[PDB]
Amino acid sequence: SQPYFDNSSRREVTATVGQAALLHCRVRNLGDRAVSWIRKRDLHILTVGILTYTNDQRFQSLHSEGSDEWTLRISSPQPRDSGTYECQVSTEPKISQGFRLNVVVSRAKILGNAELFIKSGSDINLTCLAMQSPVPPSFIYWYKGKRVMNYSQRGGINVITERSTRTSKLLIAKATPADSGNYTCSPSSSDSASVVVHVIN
């Protein structure tokens, strides 16, 4: 007879450039009414039910049949997309719920020169920082060019990853000609950052 919201959707949502943002809106006893997403800034419609209206392919409605959750998915968020998005139900008067999405740029960096030149036999020390992200990363990838690095793939590899300090130190002992290439540090909740290495002898 009367729909109402869930109360546990986390009005404040913080996403990072790239990846994707989710705004979850749950409604109890929907009925024949419909749930819609709008952008308060310019009053632009986004989704109605499961169909998309916006013609900005980045916006998509997610709803599992019979569920109470209507999720607004924003692909490839950008800083301009920071604003208030309202969950709306077709009743009269309509019942709304104002979500506030805030996207931030989170970049990772590797201390030192972007391009390193070390003599064969000397060590490699790549310290990576992901200080911009709001939440500490849950994992940090180390890509040797394109394939994932594994401390066991080569002797003399020391990898210390600390989500407490948002750092990851990759240490390669006694460099060799084969060890050349762009090493990439890709944390979970942040952007990528690479450093190209060249050797001699």
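Numbers follow the displayed sequence, beginning with 1.
Checklist entry - Once you work out the mean C-alpha B-factor for both 164 to 172 and 61 to 69 from the entry, which is higher? => result The deposited B-factors put 61 to 69 ahead on the C-alpha mean.
Checklist entry - Looking at the entry, does 47 to 55 or 27 to 35 show the higher mean C-alpha B-factor? => result Mean CA B-factor is higher for 27 to 35.
Item to check | Candidate set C87, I124, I74, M131 [ranked by C-alpha B-factor, highest] | outcome: Of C87, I124, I74, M131, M131 has the highest C-alpha B-factor.
Next on the checklist: Could you place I118 in the lowest, middle or highest third of its chain by Cα temperature factor, using the values in the record?
Outcome noted: As the PDB entry reports it, the C-alpha B-factor of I118 lands in the highest third of its chain.
Next on the checklist: Based on the deposited C-alpha B factors for this chain, I'd like to know if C185 is in the lowest, middle or highest third.
Outcome noted: CA B-factor rank for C185: lowest third.
Next on the checklist: Considering every modelled residue of the chain and its Cα B-factor in the PDB entry, is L111 in the lowest, middle or highest third?
Outcome noted: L111: CA B-factor falls in the lowest third of its chain.
Item to check | B-factor third for the C-alpha atom of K144 within its chain | outcome: According to the entry, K144 has a C-alpha B-factor in the chain's middle third.
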